[PDB]
2 protein chains.
Amino acid sequence: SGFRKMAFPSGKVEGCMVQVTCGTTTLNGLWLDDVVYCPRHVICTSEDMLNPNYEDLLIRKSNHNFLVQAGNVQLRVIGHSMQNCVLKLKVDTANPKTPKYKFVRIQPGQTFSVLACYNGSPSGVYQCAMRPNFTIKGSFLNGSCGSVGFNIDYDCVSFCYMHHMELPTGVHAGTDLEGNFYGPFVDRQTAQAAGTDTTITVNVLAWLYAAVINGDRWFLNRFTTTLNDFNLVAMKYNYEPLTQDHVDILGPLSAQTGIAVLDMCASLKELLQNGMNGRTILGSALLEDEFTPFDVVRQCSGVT
Amino acid sequence: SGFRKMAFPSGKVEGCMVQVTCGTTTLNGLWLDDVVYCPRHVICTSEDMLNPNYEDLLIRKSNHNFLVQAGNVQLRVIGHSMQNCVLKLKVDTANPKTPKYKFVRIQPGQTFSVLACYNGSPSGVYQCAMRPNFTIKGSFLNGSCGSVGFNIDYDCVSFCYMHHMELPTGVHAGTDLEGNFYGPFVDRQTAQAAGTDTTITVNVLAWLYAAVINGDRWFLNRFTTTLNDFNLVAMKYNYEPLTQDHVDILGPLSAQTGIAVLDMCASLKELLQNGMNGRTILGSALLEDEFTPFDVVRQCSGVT
Ligand SMILES: COc1ccncc1NC(=O)[C@@H](O)c1cccc(Br)c1
Ligand SMILES: COc1ccncc1NC(=O)[C@@H](O)c1cccc(Br)c1
């Protein structure tokens, strides 16, 4: 028992982290096989970030200008190319620590672990979720760019995020491993405000099932609701509309606990309307939305 | 910017996890050099846990009865001994992945990362704190025993916890790496209720400084207090008494923000007396106490 914001073990990703330097800018890179992936803003100076022309900036850069260091050893750069907002540095050596891996573009609401890095060195790991407005509420300082988000399915690492920037609102934006930004963000130091950060309803319900599984049951009530009635409440509280796909994905949790999805929705409805009244659920005084139904099952069953 | 419950990168610990089986019981072991450390209750059957005589149970066990598997390869056991509540299995091979390490017995209030394991395989990593009542609020299922807690200072892993049991209250108890339980708990399936779980005041103050550093300042007020006045409030709210050692340890955070420790105490006093009024601090609706002043500085400065 017990429920924690748990991240995947980071070892497989740690063995991929390298330091990439170009001119006077140093950030993190991801070394998989004979390719190093890093944010293209590594070629920029502070003056360039105002409105950079990455194609024109990359013309003045040769393979020898990209310094790639893995631990204390220097990798030899034999090719460089830009794919969207990432640079792919072909090195002469395949990473001997390359795990089985995939590049996946996640959907908003999905979760992933982040290995925060500085100068190619890991500092920590934490669990995140892609917000419905395509930002992530991370913990990153200057030099953390190139740090990646990922999920692990037994031995396969699915890289889904690469950190690129911090918005003036303190929230984070980045790309998938093909260099495509999540959301409308551009890799430019400009006015970029995030949209409405709605609550991931399916995740809150999954976390409510996790609470019941771990003994916290005070919020269970004698009521039920319908998808349309629940969604009227969810709209009022800036919660994502619940769909039959969401109900279907909560099936195993509903089966495990014996609490119908719509009954759990009615508990959530009353919690939205009446608040927690000074009470807590799984050590939290607010409704947690960064655990997917998959995460709850995984943690409550011990998937390694 | 941003503040997260961040764990240490787990790679160095993952390379130490092995599976230990004795009879029909399988749990995790920690392989460092040529020794495997695991909870001594591995020699018990379900019937034995009611009141086990570990010395008498260990007499019927020989080196060949302890099956130690690292990945898919079997380690040869050449010695076995009991140190307090841990078993030390001498193997014929030093772990090639042994990092620089220490065994440390932490104080209540200190934090550490846990690598939850099952059958010698890591499932996840999360940040924990030793509660003042010597329990930890973890996330562990049957088979997680032998999973360890640790801290990392650059390249050195300081192992501080080994998971042994779950109390009927759903909280967790375990030992340091010398086999000594934190708190009064015994490795026996008996009535063991935890003491009062007080709030780690110095950590809440450190987290309040983290909030100011990251932009959340609404809770700052025009007041100050004294250590004795603050402690009258802390006693009423089951908070640990604040000492001059605690004030001293919060010195760097006070210096960074320019907010005197006693002024921050006065903000905490008003938050205890008036609550959050439906507001949040660093995405939490309650006062977070599982970040030490060291953790806040580390995260806010990017120590790798
Ligand atoms: C203090 O800087 C950070 C803190 C956290 N995460 C990331 C950063 N870095 C930046 O945001 C910055 O280098 C930048 C500016 C404009 C566009 C891009 Br692309 C990148
Ligand atoms: C479901 O079991 C768990 C869940 C989480 N963490 C640990 C366990 N295991 C136990 O508590 C159990 O093997 C036991 C019983 C009595 C004394 C000892 Br020592 C160990």
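Counting begins at 1 with the first residue displayed.
The header says X-ray crystallography, 1.6 Å.
Cβ atoms are placed via backbone N, Cα and C, with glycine included.
What Swiss-Prot records for this protein:
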type	residues	note
ACT_SITE	B:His41	active site, for 3CL-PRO activity
ACT_SITE	B:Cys145	active site, nucleophile
CROSSLNK	B:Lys5	ubiquitin cross-link
CROSSLNK	B:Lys90	ubiquitin cross-link
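Here the features listed in Swiss-Prot are placed on the structure.
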residue: B:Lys5; record: ubiquitin cross-link; Cβ neighbours (10 Å): 22
residue: B:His41; record: active site, for 3CL-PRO activity; Cβ neighbours (10 Å): 24
residue: B:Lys90; record: ubiquitin cross-link; Cβ neighbours (10 Å): 15
residue: B:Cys145; record: active site, nucleophile; Cβ neighbours (10 Å): 26
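Taken in sequence order, the recorded positions B:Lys5, B:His41, B:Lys90, B:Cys145 that lie near ligand 1, meaning a CB under 6 Å from one of its atoms, form an empty set. Neighbours of the residue listed as 'active site, nucleophile' among the recorded positions B:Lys5, B:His41, B:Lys90, defined as a Cα within 10 Å of its Cα, are B:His41.
Filtering the recorded positions B:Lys5, B:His41, B:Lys90, B:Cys145 for a Cβ under 8 angstroms from any Cβ of chain A leaves B:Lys5, in order along the sequence.
Distance between Cα atoms for B:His41 (active site, for 3CL-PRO activity) and B:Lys90 (ubiquitin cross-link): 17 Å, as a whole number.
With a CB cut-off of under 6 A applied against ligand 2, the recorded positions B:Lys5, B:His41, B:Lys90 are reduced to B:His41.
Rounded to a whole number, the C-alpha distance linking B:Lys5 (ubiquitin cross-link) with B:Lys90 (ubiquitin cross-link) is 36 angstrom. Secondary structure at B:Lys90 (ubiquitin cross-link), as computed by DSSP, is strand.
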